[PDB]
Amino acid sequence: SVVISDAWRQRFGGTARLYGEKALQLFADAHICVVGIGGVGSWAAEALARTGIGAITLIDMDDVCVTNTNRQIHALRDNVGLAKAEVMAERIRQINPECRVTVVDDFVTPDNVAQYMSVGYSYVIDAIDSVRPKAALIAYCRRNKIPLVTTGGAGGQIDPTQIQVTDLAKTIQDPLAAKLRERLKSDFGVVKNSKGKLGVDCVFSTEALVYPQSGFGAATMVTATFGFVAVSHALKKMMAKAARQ
Amino acid sequence: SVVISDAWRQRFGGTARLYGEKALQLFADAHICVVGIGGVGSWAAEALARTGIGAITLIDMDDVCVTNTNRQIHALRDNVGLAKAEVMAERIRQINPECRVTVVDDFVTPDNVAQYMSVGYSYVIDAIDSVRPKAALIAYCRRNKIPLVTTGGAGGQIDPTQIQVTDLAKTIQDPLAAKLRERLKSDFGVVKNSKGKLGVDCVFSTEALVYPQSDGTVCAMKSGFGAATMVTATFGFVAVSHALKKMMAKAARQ
Ligand SMILES: Nc1ncnc2c1ncn2[C@@H]1O[C@H](COP(=O)(O)O)[C@@H](O)[C@H]1O
Ligand SMILES: Nc1ncnc2c1ncn2[C@@H]1O[C@H](COP(=O)(O)O)[C@@H](O)[C@H]1O
């Protein structure tokens, strides 16, 4: 158990008053991994930090680019050209200097997923944009019962109020999620239950895609909300599991 | 009005691809005011900046406090003690160096509201928590046809997916929004029209508020409330997306 300090309580007293004290300690003791520190994952990382999560691992190899400005929290003039995960880590340490932050400067693949998951996370937030590594991460967590929430495509969507969580089998208006389902079936043997579920929780939006007016565009208001919904869902699941003993 | 530089196109190419070039220009030419740079308003400011809005005014007099950390984007160890609005303005300059940012180092009151709205904003996002100034800001915007979105209480709520926008007359499970309607009726004579509406768009949540108990548990019931970034920021984001939707619709009409 992480020892909650007096400074921690000043930072996160609003967390305790919202989730309860038991949950404050649960979060302080958690270790959550965010894979992909982009339009969705950067805001998920931010949210975790600001809700008193005591250890966070960030996995990404990309650099901050000027084109990230429309949708990524780390995308500032002075950060362009630096490694996203490390820039996000430094920010998290400014949020909570007592958070233990680990950076994995790499992409997830079939060959390294086991090693990177071997840490033993309380949750994994999958915010990867590419379908191949995405499928590899999901298939691994799902087989190994590692708690996971995945995110669909957040581009080409303008309305944050249509974001919701459902089984990956049941998402609509999400070409990324659809390709992911195909890849999981074809490459990993993952297929629906008797109930028609893949047993993978997925943040998506019912909104129909808005085609490009350099692929689909994106907006902070939606991409960040994907990440915030993923975090709220993960924390809810962790609190329910803990109450179920 | 604003000539979009190549740097600006690089920053906001994703914005253009989502909303169109005409919208990119509309946003570059816009001037939006954020009142209250806190749990809701700091994220609304961030979103405006990140959506290529060309001018932003920020109104607040408070300083960054360590207790802001759970829900405000400017709450970082090195910023504690500095004025919230100025820290945010400085961040907005890092997002878009060509954004025109104005800091009003003050609180809105019944007596100064006309001066602070007199500028001619494309939109006002009201993220003030205190009720009497909030009522005064809304009454003034509403009377003067100044495009406004207001935000109910984002504290005591955990679910970002229940946030939506409706007329202030129709909000539920929002005690702030209900005390507001009263102050507006009582001090400004703002009351429902015959269709049941106040003519004020409000971000609110259908979620029942969660109240902290003396024993450290919390109890949902249909320094006060706790809060979470995931919910407070999404209030701000839903406000911004609503405003931009309305602005684009207005521009489509001509
Ligand atoms: N296989 C992977 N493992 C970890 N992070 C990834 C992987 N593939 C893509 N990413 C990151 O996912 C992020 C996507 O963000 P965005 O560009 O907004 O969709 C980027 O920062 C990528 O570098
Ligand atoms: N009358 C006012 N005019 C402008 N900003 C205000 C006023 N009253 C409160 N605020 C700010 O509104 C913000 C509310 O943030 P929060 O504490 O997260 O609700 C704080 O930064 C306050 O300083």
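All of the numbers you see were taken from the coordinates with simple rules; none came from a lab. Here Cβ is always computed from backbone atoms with ideal geometry, including for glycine, and neighbour counts include all displayed protein chains.
For segment B:26-35, backbone phi angles converted through the Karplus equation (6.51, -1.76, 1.60; θ = phi - 60°) give residue-by-residue couplings of 4, 6, 4, 8, 7, 9, 10, 9, 10, 9 Hz, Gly and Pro being listed as x.
With +1 assigned to the C-beta of every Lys and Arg and -1 to the C-beta of every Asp and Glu, and no other charges, what is the dipole magnitude of the protein assembly as shown about the Cα centre in debye, to the nearest 20?
The dipole of the protein assembly as shown has a size of about 1720 debye.
For the segment B:76-86, counting C-beta atoms of other chains within 10 Å of every residue's C-beta and taking the mean gives 1.
Amide H to amide H, with H built 1.01 Å from N, A:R100 comes under 5 Å of A:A55, A:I56, counting only residues 5 or more places away or on other chains. What separates the Cα centres of segment B:3-40 and segment B:92-158 is a distance of 19 Å. Our coupling estimate for segment A:95-102, obtained by passing each phi through the Karplus curve with A = 6.51, B = -1.76, C = 1.60 and θ = phi - 60°, is 5, 9, x, 8, 6, 8, 10, 10 Hz, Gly and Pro reported as x. Note on chain B: dipole from Cβ charges, positive end direction compared against B:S42, B:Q173, B:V200; the farthest Cα belongs to B:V200.
Other residues with beta-carbon under 14 Å from the beta-carbon of B:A139 carry, at +1 per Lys or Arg and -1 per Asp or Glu, a net charge of +4. For the segment A:41-48, counting C-beta atoms of other chains within 10 Å of every residue's C-beta and taking the mean gives 2. Mind checking Rg over Rh on segment A:56-149, alpha carbons, Kirkwood formula for Rh? Value, to two decimals: 0.98.
About its Cα centre, chain A has a charge dipole of approximately 1000 debye under the convention of +1 per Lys or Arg Cβ and -1 per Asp or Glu Cβ, with nothing else charged.
The convex hull drawn around the Cα atoms of chain B, when projected onto a plane and averaged over every direction, covers 14.5 nm². Overall shape of the protein assembly as shown was characterised from the C-alpha gyration tensor. The equivalent ellipsoid obtained from it has semi-axes of 35, 26, 22 Å, in decreasing order. For B:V190, the residues whose modelled amide H falls within less than 5 Å of its own, excluding neighbours fewer than 5 places apart on the same chain, are B:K185. The calculated 222 nm mean residue ellipticity attributable to helices in chain B amounts to -12000 deg cm²/dmol, summing -39500 (n - 2.57) over DSSP H runs of n ≥ 4 and dividing by all residues.
Provide the FRET efficiency to the nearest 0.05 for the B:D106-B:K222 pair, computing r from the beta carbons and using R0 = 51 Å. With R0 = 51 Å, the Cβ-Cβ based efficiency is 0.85. Listed by chain and number, the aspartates and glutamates whose C-alpha is less than 14 Å from the C-alpha of B:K222, apart from same-chain residues fewer than 8 away, are B:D174, B:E207.
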